[PDB]
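Heads up, the thing below is written out as structure tokens.
Here the Cβ is made from the backbone with ideal geometry for all residues, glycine too, and neighbour counts use every protein chain on show. Computed from the coordinates by the stated procedures, all read-outs in this text should not be read as laboratory data.
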There are 2 protein chains.
Amino acid sequence: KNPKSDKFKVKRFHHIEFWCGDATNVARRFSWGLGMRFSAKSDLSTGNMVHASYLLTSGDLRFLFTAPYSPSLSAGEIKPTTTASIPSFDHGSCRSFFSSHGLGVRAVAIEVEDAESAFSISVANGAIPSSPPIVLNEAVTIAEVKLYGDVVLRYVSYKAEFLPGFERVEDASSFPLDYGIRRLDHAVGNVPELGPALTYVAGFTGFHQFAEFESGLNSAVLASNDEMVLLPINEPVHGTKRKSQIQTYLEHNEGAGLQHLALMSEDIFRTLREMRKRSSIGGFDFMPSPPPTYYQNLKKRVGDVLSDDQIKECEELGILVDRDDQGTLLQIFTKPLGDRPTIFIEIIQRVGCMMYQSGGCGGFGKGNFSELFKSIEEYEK
Amino acid sequence: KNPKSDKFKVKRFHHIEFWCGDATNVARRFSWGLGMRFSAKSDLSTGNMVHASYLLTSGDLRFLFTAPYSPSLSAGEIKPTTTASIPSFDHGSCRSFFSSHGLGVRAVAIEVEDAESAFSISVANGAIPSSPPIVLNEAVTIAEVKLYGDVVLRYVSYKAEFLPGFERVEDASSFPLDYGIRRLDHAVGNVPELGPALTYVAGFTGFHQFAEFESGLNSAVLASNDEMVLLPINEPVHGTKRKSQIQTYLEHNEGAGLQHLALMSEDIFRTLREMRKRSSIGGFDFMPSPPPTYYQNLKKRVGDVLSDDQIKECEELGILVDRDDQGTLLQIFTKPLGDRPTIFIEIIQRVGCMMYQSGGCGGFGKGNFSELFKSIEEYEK
Ligand SMILES: Cc1c(C(=O)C2=C(O)CCCC2=O)ccc2c1c(=O)n(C1CCCC1)c(=O)n2C
Ligand SMILES: Cc1c(C(=O)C2=C(O)CCCC2=O)ccc2c1c(=O)n(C1CCCC1)c(=O)n2C
Ligand SMILES: [Co+2]
Ligand SMILES: [Co+2]
């Protein structure tokens, strides 16, 4: 059931912005580890005396890495005279974010028809304003409201390449890496209390609950009208035997924030081959693979979707598989992206639900919690 | 002339410690870019609730990357009960350093015979104390005094693998990268006033001035008894036509600090081939190469040390060449290592002065300032 209750017209995920202490080193690590090309910049070389911002792209996926310069470089500026390319940026906010949370996502940006209207309707329906709408070079409008913790939901609308004041990256500096990643599938927040978090966000967006089909969490998924913007939210379940990874997150992050980004691949096998080749030479590590009993149970569950060879290739790469009513999900999780046990990445591919592929095809893999546990216990046997 | 006036027994450079906001991403970038292996760690997985510290090694070169965790993880600890592996670490100091200076060197560590004695003699002769001597697991002693800006000189002495509380890195996580870098040759500070900086450091170390043989700087080099610990210092020269790069550093760094680290290679040609292959895929960029007139002038200057083929290979890789009374220097400089135009790396190889090779063989390349300018002007012609 999809009531299509969006309070304003939402298109797709636009970008994800990380707040960093040094954007250069994070961006270069991410570029090599995920196979994303350097595509635009806004920094001292482009006249930005306020913040260094580097944009990485893979297909439609846009990752932005931003860090502050010394405030002394821009001490004479005022907001009307700023050289910042992101007018919502604030030195104090950024340093406070990073010192509190460490490396993580500051903004989940979605493209909308009219960012000024989206902001107004949002705050009229309970959204806490973060940065008012600002028109950039009469071409692009940006606005921000609070989403959860210190994460903002950023609205971007275009009248008619990233943002004004960003420059395309020199082709010699721009190596065309590509491991198959194509777009952001979903972005997930961890909160202490799920109910109030959902009521707030669904309240100002009109996003609806996306239907699902002991592991330390309860969760729900908010979705836009065509279910292409997907925002799951987790809360911890306390008092278990094994401590909730949601609770660990909240402790090490100093509260609510973004837990994982799920990146859709056009060929998860190639993506995982390429990423795993680089794990020990500057790229990303992956969670420990399931025991072979997990793959020795996959035939009974998805043998009508994947061949035995394609199942064996899942075993080689540690890929997980889940299935809902309409489709199948291949997924795998990285280890945390930085020093703290907080944000990580999920790589996914969805099979089925053709009409274009409909959003959320195959679900989000919550069945893989019990299947992983089951396979682990029976592998011990 | 070498008076051998060291006030205590100094051995060699031991390590360089960077203070970071996220040690993981910086360390992984540096590992891939410079061909350094992950060799030890101290972090949550080793029981350190205070700071994440990752050690990279190439030959004798040791780079340490440290970042703070949330103070909340260790709020119940006191110094007698700390889980930090580096007892001089302080959350507030580290966050203040990084917010002020961005990514950079906090500690230049040298190995000494007796770190307690080195500290005492140093402060008795004018050194400003930073962290008092602390004995670690009855095995290693660490002490720190101020060097310049917020950079400390760290003394380390061993009674008899990095430091207690650090664990060797898992062989699967430890890929044996190596591009030929073997040791730290020198570490250079930028200061507003050279005279007082030299008087201070030479005052408490007994280091002597190392003899040399319009570019925006004056400099001098302090050296230990066998001239294997080398600490150059630069000051800006104001009122020029082209603004001093030393002054730019001081502005963007918010004052004095470490300008460059010079890393000796056993084969600078292989090192530069390997590093340049990775510049656009997560590694380090290099300064723009000299015009071919520079190499079309090299035969007249070093044709008795390098063959025409080895000179052509310098041209391919952008290597600079200089010569003093006793030896020859091959050198090249990276672009800044992070967001700000502050710290960079120099790769060097020294030819000559065999007795072992004596320290500083070939000098530091200050002649390459005029040779670069000359070649540039005559290339225009
Ligand atoms: C995060 C996640 C998802 C997921 O993506 C998801 C949403 O997208 C939306 C709803 C909630 C929800 O869980 C699915 C399966 C998972 C994990 C996951 O984190 N772990 C962690 C153990 C320690 C680190 C990995 C697992 O073992 N399994 C099997
Ligand atoms: C830093 C350096 C050295 C050097 O290492 C040195 C000391 O070790 C000790 C004494 C002072 C001293 O200069 C030698 C030659 C150099 C440079 C250098 O920074 N540049 C910069 C232009 C813009 C970025 C590169 C150059 O062009 N040349 C030729
Ligand atoms: Co997910
Ligand atoms: Co040098």
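Would any residue of the stretch A:166-190 have its amide N under 16 Å from a label point 7 Å out along Cα→Cβ of residue B:289? List them or say none.
Those under the cut-off are A:172-173.
Along the stretch A:95-110, what does the Karplus equation 6.51 cos²θ - 1.76 cosθ + 1.60 (θ = phi - 60°) give for ³J(HN,Hα), rounded to whole Hz, x for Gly and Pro?
5, 5, 4, 6, 5, 7, 9, x, 4, x, 7, 8, 10, 9, 9, 10
When the convex hull of the Cα atoms of the protein assembly as shown is projected onto a plane and the area is averaged over all directions, what value comes out in nm²?
Values: hull surface 145.1 nm².
Convex hull of Cα atoms, orientation-averaged projection: 36.3 nm².
About the Cα centre, and with charges only on the beta carbon of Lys, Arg (+1) and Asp, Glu (-1), how big is the dipole of chain B? Nearest 20 debye, please.
It comes to approximately 240 debye.
Are there chymotrypsin sites (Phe, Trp or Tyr not before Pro) in the stretch A:1-106 that DSSP puts in a loop and that have at most 11 other Cβ atoms within 10 Å, and which ones? Mind dumping the intermediate values first?
Values: sites: A:8, A:13, A:18, A:19, A:30, A:32, A:38, A:54, A:63, A:65, A:69, A:89, A:97, A:98; in loops: A:8, A:69, A:89.
Taking the stretch A:1-106 and a limit of 11 other Cβ atoms within 10 Å, no loop chymotrypsin sites (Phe, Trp or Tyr not before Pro) are found.
Can you list, by residue number, the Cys in chain B that have no neighbouring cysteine C-beta under 4.7 Å?
B:20, B:94, B:314
Can you tell me what percent of all Cα-Cα pairs in the stretch A:181-380 are more than 23 Å apart?
Values: 9219 of 19900 pairs.
Percentage above 23 Å: 46.
Please report, for residue A:366, the nm distances (one decimal) from its label point, 7 Å out from Cα along the beta-carbon direction, to the equivalent points in the remaining copies, shortest first.
7.0
For residue A:123, place a label point 7 Å out from Cα along the Cα→Cβ vector, do the same in each other copy, and report the separations in nm, one decimal, smallest first.
Going from nearest to farthest copy, the values are 5.5 nm.
Got a sec to turn the phi values of the stretch B:124-140 into Karplus ³J(HN,Hα) couplings, 6.51 cos²θ - 1.76 cosθ + 1.60 with θ = phi - 60°, whole Hz, x for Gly and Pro?
Per-residue couplings from phi come out as 5, 10, x, 5, 8, x, 10, 8, x, x, 9, 8, 9, 6, 6, 10, 9 Hz.
Is the shape of the stretch B:10-173 rounded, prolate or oblate, going by the alpha carbon gyration tensor and its root eigenvalues a ≥ b ≥ c, with a/c under 1.5 for rounded and a/b larger than b/c for prolate? Intermediate results must be reported in sequence, preceding the final value.
On the way: a/c = 1.35, a/b = 1.22, b/c = 1.11.
Rounded is the answer for the stretch B:10-173, as its axis ratio a/c remains below 1.5.
At 7 Å along Cα-to-Cβ for each site, give me the label-to-label distance between residue A:267 and residue B:168 in nm.
A separation of 4.0 nm, rounded to one decimal place.
If we hang a label 7 Å off Cα along the beta carbon direction at residue A:83, how far is it from the matching labels on the other copies, in nm, shortest first?
Result for residue A:83, in nm, nearest copy first: 4.4.
HN-Hα J couplings of the stretch B:42-59 from phi, Karplus 6.51/-1.76/1.60, θ = phi - 60°, integer Hz, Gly and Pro as x?
Each residue of the stretch B:42-59 in turn: 9, 6, 3, 5, 9, x, 7, 8, 10, 9, 9, 9, 10, 9, 10, 9, 9, x Hz.
Looking at the stretch A:1-50, which trypsin sites (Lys or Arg not before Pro) are DSSP coil and have at most 15 other C-beta atoms within 10 Å of their C-beta? Display every interim value, and only then the final one.
Numbers: sites: A:1, A:4, A:7, A:9, A:11, A:12, A:28, A:29, A:37, A:41; in loops: A:1, A:4, A:7, A:9.
Answer in residue order: A:1, A:4, A:9.
Could you give the nm distance between label points at residue A:123 and residue B:113, where each point is 7 Å from its Cα heading toward the beta carbon?
Once both label points are built, they end up 7.0 nm from each other.
Could you put B:325, B:6 in order, starting from the residue whose Cβ has the fewest other Cβ atoms within 10 Å? Mind showing how you got there, number by number?
On the way: B:325 10, B:6 19.
So the ranking, lowest neighbour count to highest, is B:325, B:6.
Can you give the FRET efficiency to the nearest 0.05 for residue B:307 and residue B:237, using r as the Cβ-Cβ distance and R₀ = 35 Å? Write down the numbers at each step before the final one.
On the way: r = 37 Å, r/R0 = 1.07.
Calculated value: 0.40.
Can you name the residue in chain A whose Cβ lies closest to the A-to-B rotation axis, and give that gap in whole Å?
Closest Cβ to the A-to-B rotation axis, residue and whole-Å distance: A:21, 1.
Can you give the three extents of the C-alpha atoms in chain A along their principal axes, from longest to shortest, in whole Å?
Answer, in whole Å and largest first: 69, 47, 43 Å.
Could you work out [θ]222 nm for the protein assembly as shown from helices alone, using -39500 (n - 2.57) per DSSP H run of at least four and dividing by all its residues? Round to the nearest 500 deg cm²/dmol. Walk me through the numbers before you get to the answer.
On the way: 20 runs with 192 residues, N = 762.
Calculated at 222 nm, the ellipticity per residue is -7500 deg cm²/dmol.
Taking neighbour counts of Cβ atoms within 10 Å as a proxy for exposure, in what order, fewest first, do B:122, A:74 appear?
Ascending number of Cβ neighbours within 10 Å: A:74, B:122.
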